[PDB]
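**Student:** Sequence and experimental coordinates follow.
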Amino acid sequence: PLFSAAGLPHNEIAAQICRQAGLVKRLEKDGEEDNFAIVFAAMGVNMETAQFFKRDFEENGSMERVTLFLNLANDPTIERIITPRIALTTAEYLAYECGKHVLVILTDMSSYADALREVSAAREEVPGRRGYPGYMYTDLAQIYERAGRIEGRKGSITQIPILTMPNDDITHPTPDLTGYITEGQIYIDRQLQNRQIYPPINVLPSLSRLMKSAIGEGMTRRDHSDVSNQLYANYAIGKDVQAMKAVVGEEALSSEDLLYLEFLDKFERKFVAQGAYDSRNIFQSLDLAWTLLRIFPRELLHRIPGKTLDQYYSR
Amino acid sequence: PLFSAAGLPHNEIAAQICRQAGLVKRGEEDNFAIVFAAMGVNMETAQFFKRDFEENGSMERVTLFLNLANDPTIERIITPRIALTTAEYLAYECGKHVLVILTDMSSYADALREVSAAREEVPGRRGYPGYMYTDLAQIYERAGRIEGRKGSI
Amino acid sequence: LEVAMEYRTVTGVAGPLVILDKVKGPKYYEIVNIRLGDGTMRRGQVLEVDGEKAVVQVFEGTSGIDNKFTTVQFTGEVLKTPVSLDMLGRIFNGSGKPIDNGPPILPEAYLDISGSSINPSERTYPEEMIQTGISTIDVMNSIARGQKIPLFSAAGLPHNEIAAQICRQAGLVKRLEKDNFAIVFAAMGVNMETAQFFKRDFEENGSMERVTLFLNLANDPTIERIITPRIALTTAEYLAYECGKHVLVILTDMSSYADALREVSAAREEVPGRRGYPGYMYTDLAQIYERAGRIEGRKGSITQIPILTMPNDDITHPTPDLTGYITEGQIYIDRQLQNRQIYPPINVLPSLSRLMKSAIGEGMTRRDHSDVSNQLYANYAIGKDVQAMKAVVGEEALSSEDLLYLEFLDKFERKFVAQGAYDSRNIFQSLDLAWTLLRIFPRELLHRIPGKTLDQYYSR
Amino acid sequence: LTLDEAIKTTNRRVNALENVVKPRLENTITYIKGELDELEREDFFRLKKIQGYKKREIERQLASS
Amino acid sequence: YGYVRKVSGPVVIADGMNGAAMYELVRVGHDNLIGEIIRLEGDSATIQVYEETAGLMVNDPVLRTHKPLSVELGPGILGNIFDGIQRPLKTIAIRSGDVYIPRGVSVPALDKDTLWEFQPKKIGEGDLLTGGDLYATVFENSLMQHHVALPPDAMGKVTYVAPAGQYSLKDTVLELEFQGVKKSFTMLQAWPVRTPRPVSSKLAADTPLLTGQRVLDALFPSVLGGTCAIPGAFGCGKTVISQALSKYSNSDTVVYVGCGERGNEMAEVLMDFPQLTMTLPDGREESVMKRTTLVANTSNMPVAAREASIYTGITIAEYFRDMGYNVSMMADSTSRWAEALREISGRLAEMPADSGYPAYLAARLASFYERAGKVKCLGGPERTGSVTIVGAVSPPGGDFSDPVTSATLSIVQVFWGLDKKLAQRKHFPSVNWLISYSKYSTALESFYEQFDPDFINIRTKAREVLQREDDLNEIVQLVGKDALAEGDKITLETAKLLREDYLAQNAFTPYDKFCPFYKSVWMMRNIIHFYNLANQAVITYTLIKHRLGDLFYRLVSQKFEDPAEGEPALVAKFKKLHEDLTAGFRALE
Amino acid sequence: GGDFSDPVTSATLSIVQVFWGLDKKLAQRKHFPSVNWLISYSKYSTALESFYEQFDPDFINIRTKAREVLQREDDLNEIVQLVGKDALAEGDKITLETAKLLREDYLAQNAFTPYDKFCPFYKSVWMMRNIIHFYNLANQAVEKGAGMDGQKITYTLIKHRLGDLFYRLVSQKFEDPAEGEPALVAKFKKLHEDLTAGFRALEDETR
Amino acid sequence: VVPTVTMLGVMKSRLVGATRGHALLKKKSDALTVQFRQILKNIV
């Protein structure tokens, strides 16, 4: 799930992901069965966003592939509680009983929680956290657990439910339960948006529980996990160093401190930022990650094992 | 209004304003007829108000509406109402300009919160009733100059 | 001469509550017995009674209840308790069933739990002193007969181990100054491992004669956990006032008792009180604590030392703040000291006793006790400040006196604070140890110590 | 130079850090209490009223029949 | 008549009371447990039983009382000890024998079997009387001759007046007939705790309370009938000030209302008050308890009794005032009363307003404080009484943001602002002159002018000196005492002397135990004259510090000068010291 | 990540005797075990006294010393963040070195490698013993501080002169447990003997 | 800033640490000022 707030371009990045969706195995991947057959479910979206998504998919040339289910804000609230279920059923049929890889985009889970709260209030049940229905966790589990690969069929369902933090928070029941259920979390940060980076992804809270199984020798270079661990360590140490330099003073910072600040700046400038109509290969992207890593000395790269260091430090 | 926390001389300031009040004059029969509401005041402050108004010679043109804290709490809400009703009658249907003074606007608020809690209603911020915006509107949004009449509140 | 009426009108079973239909004149808290259809016998307490309809909360859960085949016998007695002198030296369940493989107690008299409050005129100020054994409490924040001091702690701190140590090493100071002492140990909602620890500690105590141990497990019914403090205080009141014995009551993890009160309040379907916990918790804990005091008429007295766990490792929680408001002391368990592995993790600086002056005297305790208490407290604060100074300046800029305070703090933490779990120190021995700590300062440096008392002991 | 830097750090701390954190704590306490506790108690009271008038309607129906 | 129907914890619902009134006490069950009527739904009522409700059986009879919560006043009210629900604890212990308070005790508040020497006034047997008339006087004790008066709200033509003789409370001594019917009146009478005693006209406060401590008497005067708040929770300093008030204050009698405090503190008070004794101007020793009514309520006691204890005490004080005696009422802990209020509100499920307190906390607190003031009595002969409240604030956490603290500060006129820091600064009075304020200073205009015309100017100069001192403290901490001007240095030294000697009164020493108004005013005059005549002289700071050191010693000797040396003698010594300081300062310069 | 005052958490910590509190910061730090060594606690410590005594009597004291070192590091981390490392003394320097050595060698177990997949108790006790022994030897060395040298000079010297032992203390993690307990015990005993030789020759040279 | 008790605890801990650090920095500044005054006397 993508975690965003009001104003952050979650819709734009969703459209980007839909156009850029592709296989990666050894950079090899007609593929009509391999066609992602995107199922897009938008609930309580402004008419401007609806026209935006419609035009984006029409111009994408995948109009023979994608399928859109819309429940606008001016549409009745009750309809919104069924729309993602309809999308899940259509995806399940087109994937399992039709043998096609299917990707699912659920939009504004907060809007779905709003409909759930409206229904509960109308029926006058006991509340949960923040007046929500107590069974909202069960509803979100049922709306999420309907995806994943299946042994008996060649199909599969991968879902990317964008979520709107109400007050740009996580303790809210909806994002909290979504984190409890979903096996990942991608963060879009208002601080990144303030500096005008088109993809505002905050890599620090971002995490995939199945990332280790996702990365493989065929999928990526053997040192990809080392690169990820090094990037985590460098970013965390750099944030701590930036705080230390701020409290003690810019001059008082050590040499490695300025190195970490330079790494943070270069990373957030070149690496995170990306174009809007531009996709990109994985292997040279990992090479650029090695460039950012080799900015740091070999000794400082304690997280990376020496074998992968000798493999890809110089390049 | 006058914003002033507890312990400040705002009551003395209000008394000074009421005694020194007057038109710019740049007449007396239509001059400022001051109405002085007193929502929830201490007995000593009430005696101070009475003495200051009686001695100043403004009793020829000033009406007091005293309501002490010992009075029933509901009687507090109707006060800054009755006061505005009398002000409306004196200004619009009688002509003379009125300079209404309300003290302890907060005490009116407390009076509302207590009554609302008694009624077991929906609470706004800090436990105050949610419709207090309306019920202040009904008090504040009366002063003004109706066109057809030469009065003014 | 009155025989029970065995109703069989079970109508409606909801949660932990069972409702009877037609009961002729029930009593409010009449204890009641329930026979299952299978024949299992389970007890219960009658809750709020309406006109001819009575709702009952039962122990051991509500499983197995059938509307047609369960009968409810009404005893009509409001939870009496048998209490007697020979109750000492035995371990009792939450309700009071002997678990020491011993005969049921032969009652001297039947007593009502939650006994009627003392006439305040009869109350007297705390006097004398009692050796906790732990020198830090014995010196810094002393406890006198008749003073109710809680002990705030957090989960993961060895509150229960310290309580067992106090149980083992408790004894009157008057013996050193020259068998009426008794302990009613009630443990509420303790875990199985801690239960075994307490049972073994009692088995090898060597002091069974003066200790009675009320035990209520986690698996025990919540209402039993509620009543355990009541029966404990009732037995203590009998053994103290009706028997003329100074009594020291230890209640452990009263947060469990508060949680059980929350459970029963929710069972009443009443609205939850402020901050989640019930509103009546103040009155309940007052009734629990206020039974401690000194009666003018009776020589015996009661000392209350609740071991109240502070949730979230702070006293801002409603229960710690409430018990601090009610009670007159606060001894603390510092997480750092346990982390630094000092078996008594007592936080001496947060530690304080309101009636410290009354406990210390010439006849009871030694005259220099209060003086050395104040001097050690001030010197320890100075030592902490000097440790911070050594950290910030590099310790080179420190003068000789700063090094003196540093080494004093180090020796204090090494010797006075750390005590053997089985090591016992008389209050005289504790004062001697504190004095040995004090000799390292020069005579003039002990500003807090009064004149002619410093030369009395600093000579060594 | 060192004393100037240290005095500046201390004055900055006293004038900004605490003076901003204390309002943060006050606002957090005010929001937490006056929103969560107030609305939870109101929800509980509304549910209690719902049950009460449901029982009242049941009693009225029983009287009717 | 009337049987219980629903007994759910504290609340008990009983049918049969068709005629029950709202807020009428009622007895429940065989044990005669006491409860108040709240909800009168239909033919049934709602009883919140104060004591424990366990053991109640359905159909237990409920007996109506035809009276709201009322306190039985009259002779003999003094001296004894009473609970929050007006229960005489000492007599209960004596009669019951046992120590505990039995569940269902029914001992009357005042023993009607005791005989009091009743002396009637010269009023005619065929005369006409109205409420508040002082128709007689009974010698309930020494030093507190009880001026019994005809019950308020009663007016009639007197029919019979009893002669001077030993009578019991149950015995009737009065009877009146306004209409055809004639109603007899006894010495004992009753009044509800809530409704205040009728008063002919509230009066403007004119005369101050003499606490016996120089700081409060001089810096921050408190009028008769003036509300005072003490921020005391630890160290028993509030109890110390209460003891000082009991021993030395102008109050003809004192009522201490201890509610919701710890049992040990209550026991300490109940032993400490009898030990204290009050010295008459005649000098022979008389115990304070004979003039003191003490009301104690521990945490073990029922919450409702703790809440109503305050109104009980204030009603006793109102009776004393209507009897024409100045009286002071001390509340041990207003915050404990607020805790009792929050507990009751949670029990009755009211909507919380701020931090759990019910919305009506401000109204109840304001009413209780406003029930105290200088009052023109009802009836004749015309006399004026006064009730002054010194109710103590005990904020949890020592934060003024507590709603009860804010409300009290909004209501209270004088806040003496005791600080624990001063106690940590080895100051016995521990009265923070800075954070404390007085609002009755203007009220003392006539009294101060009559006593000493320059006293107002002296007090203003002293306040200015305190402000200059608090500024000069941080000024010295900035650079040093030397950088200050010579006049500023004198001002700082004189402020230090004022704080050390005048402001700080030990009260442990016999010479400083009681500080009269004359001695305190003369000491202030000596200090202000020395400071003034030193400030005009500058000459140098160090030079005048050395050459006027004798003047400083003489000024400090004013603290040595004591009423124990005699009031005229102390006044003469203070005048001589002031003259010596004047001569030393003038001649040197 | 959420508050540990949650009712489920509060209920569990009431009855549970061992809390292995994982740290979100450690997880972000990519420290795989992620176990916080401050919030976590095991109340079962007193029971295992006999087991530890029969296994290795010295293990208790070295464990307590390691706990004290960790606590000191955590305590003065705030000070060094505020004041700076300039005021840090030789004792503080060796304390920080040992704390970093623990955080890297000891508490970190990758478990994706044969040497780190499983750590038997015999290897764990030896690594902790080596770290604590190095800490003790450094303490004694900086405490000696004689011969117109020592203290922080001794600390820097042993950092450079005895850098090989310090470096291979980290590699002690990489020692493969599969090689067999007798071989690993012999290797660790040899490392301990060399460490004893260290700070003894450094004692002989007297800086 | 989530009104959840976690944020309240974090802010309280931050305030306490800030107060302790402020006290330590004040002590260090006072000591440094005293040393600077002595050095100034020697230079004079």
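**Tutor:** Thanks, I have it. Numbers count the residues shown, from 1 in each chain, chains lettered A, B, ... in the order given.
**Student:** and the gap between residue C:291 and chain F?
**Tutor:** Distance from residue C:291 to chain F, counting by CB to the nearest CB, to the nearest Å: 26 Å. Using the backbone N, CA and C atoms, a C-beta is placed for each residue, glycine as well.
**Student:** Name the nearest residue to the residue of the stretch 201-315 of chain A found nearest chain F, ignoring sequence neighbours.
**Tutor:** In the stretch 201-315 of chain A, the residue that lies nearest chain F is residue A:232 (4.5 Å; CB to the nearest CB). Spatial nearest neighbour of residue A:232, chain neighbours left out: residue F:30 (4.5 Å); criterion: CB to CB, 6 or more residues apart in numbering or on different chains.
**Student:** how many other residues sit next to that neighbour?
**Tutor:** Residue F:30: 18 surrounding residues under other CB atoms under 10 Å in any protein chain shown.
**Student:** so where do the helices sit in the chain?
**Tutor:** No chain in the question, so chain A it is. Under the criterion DSSP state H, chain A carries helices at the ranges A:10-20, A:47-59, A:77-92, A:109-123, A:136-144, A:173-181, A:190-194, A:211-214, A:224-248, A:255-266, A:283-295, A:306-312.
**Student:** right idea, wrong chain: chain D
**Tutor:** Assigned by DSSP H, the helices in chain D fall at D:2-12, D:18-31, D:38-64.
**Student:** and what of chain F?
**Tutor:** Ranges of helices in chain F, per DSSP H, are F:7-15, F:24-28, F:49-55, F:59-82, F:90-101, F:114-117, F:121-144, F:152-161, F:163-171, F:181-197, F:201-205.
**Student:** what helices or strands is the fourth one leaning on?
**Tutor:** Right, helix F:59-82. Secondary-structure packing of helix F:59-82 (3 or more CB pairs under 8 Å, 6 or more residues apart in numbering or on different chains; DSSP states H and E): helix A:224-248, helix C:335-339, helix C:368-393, helix F:49-55, helix F:90-101, helix F:121-144, helix G:5-43.
**Student:** any idea whether the residue of the stretch 251-400 of chain C found nearest chain E is helix, strand or coil?
**Tutor:** The minimum distance from the stretch 251-400 of chain C to chain E, using CB to the nearest CB, falls at residue C:279 (2.8 Å). With DSSP: H, G, I helix; E, B strand; the rest coil as the basis, residue C:279 sits in coil.
**Student:** For it, the count of nearby residues, please.
**Tutor:** The local packing of residue C:279 (other CB under 10 Å) involves 23 other residues.
**Student:** Which residues of the stretch 451-589 of chain E lie near chain A?
**Tutor:** Proximity of the stretch 451-589 of chain E to chain A, by CB under 8 Å from any CB of the partner chain, involves no residues.
**Student:** Check the spacing between whichever residue of the stretch 451-589 of chain E sits closest to chain D and chain B real quick.
**Tutor:** Minimum separation of the stretch 451-589 of chain E from chain D (CB to the nearest CB) falls at residue E:478, amounting to 12.8 Å. Per CB to the nearest CB, residue E:478 is found 29 Å from chain B.
**Student:** I'd like to know how many residues surround that residue.
**Tutor:** By other CB under 10 Å, the residues close to residue E:478 number 9.
**Student:** Can you spell out which helices and strands pack onto the helix or strand that contains residue C:81?
**Tutor:** Using DSSP states H and E, residue C:81 falls within strand C:80-83. Secondary-structure packing of strand C:80-83 (3+ CB pairs under 8 Å, 6+ apart): strand C:109-112, helix C:222-240.
**Student:** Highest mean neighbour count across these, which stretch is it?
**Tutor:** helix C:222-240 (a mean of 25; mean count of other CB atoms under 10 Å in any protein chain shown).
**Student:** tell me what that one is packed against?
**Tutor:** Looks like helix C:222-240 contacts strand C:80-83, strand C:109-112, strand C:182-190, strand C:211-217, strand C:247-252, helix C:254-267, strand C:302-307 (3+ CB pairs under 8 Å, 6+ apart).
**Student:** and that helix with strand C:247-252, angle?
**Tutor:** With axes from the mean of the first three to the mean of the last three CA atoms, to 10 degrees defining the directions, helix C:222-240 sits at 160 degrees from strand C:247-252.
**Student:** now the angle between helix C:254-267 and helix C:222-240, please.
**Tutor:** On the basis of the same axes, to 10 degrees, helix C:222-240 is oriented at 130 degrees to helix C:254-267.
**Student:** Of all the helices and strands packed on strand C:80-83, which one is nearest residue C:369?
**Tutor:** Closest to residue C:369 of the helices and strands packed on strand C:80-83 is helix C:222-240 (CB to CB; 26.0 Å).
**Student:** Okay, and the closest residue to residue E:224 other than its chain neighbours sits in which element?
**Tutor:** Excluding the flanking residues, the one nearest residue E:224 by CB to CB, 6+ apart is residue E:386, at 4.1 Å. According to DSSP H and E, residue E:386 maps onto strand E:384-389.
**Student:** And for residue D:51, the neighbour number?
**Tutor:** Residue D:51 has 11 nearby residues by other CB under 10 Å.
**Student:** and if you look at residue A:307?
**Tutor:** Residues contacting residue A:307 under the criterion other CB under 10 Å number 11.
**Student:** Tell me who's in contact with residue E:182.
**Tutor:** Counting by CB atoms under 8 Å, 6 or more residues apart in numbering or on different chains, residue E:182 touches E:156, E:159, E:175-176.
**Student:** Who wins on neighbours among the residues you listed?
**Tutor:** Compared across the contacts of residue E:182, residue E:176 has the highest neighbour count, 23 neighbours, by other CB under 10 Å.
**Student:** give me the beta-bridge partners of the residue lying closest to that one once chain neighbours are set aside?
**Tutor:** Nearest residue to residue E:176 in three dimensions, chain neighbours excluded: residue E:156, at 3.2 Å (CB to CB, 6+ apart). On the basis of DSSP bridges, residue E:156 is bridged to residue E:129.
**Student:** can you check the one 5 residues further on too?
**Tutor:** Note on residue E:161: beta-bridge partners residue E:174, judged by DSSP bridges.
**Student:** Hmm, residue E:123 and it touching each other?
**Tutor:** Yes - between residue E:161 and residue E:123 there is a contact under CB atoms under 8 Å: 6.4 Å.
**Student:** Following the chain past the longest helix anywhere in chain E, name the next helix or strand.
**Tutor:** If you go by DSSP H, chain E has its longest helix at helix E:455-478. Following helix E:455-478 in sequence order, the next helix or strand is helix E:486-497 (DSSP H and E).
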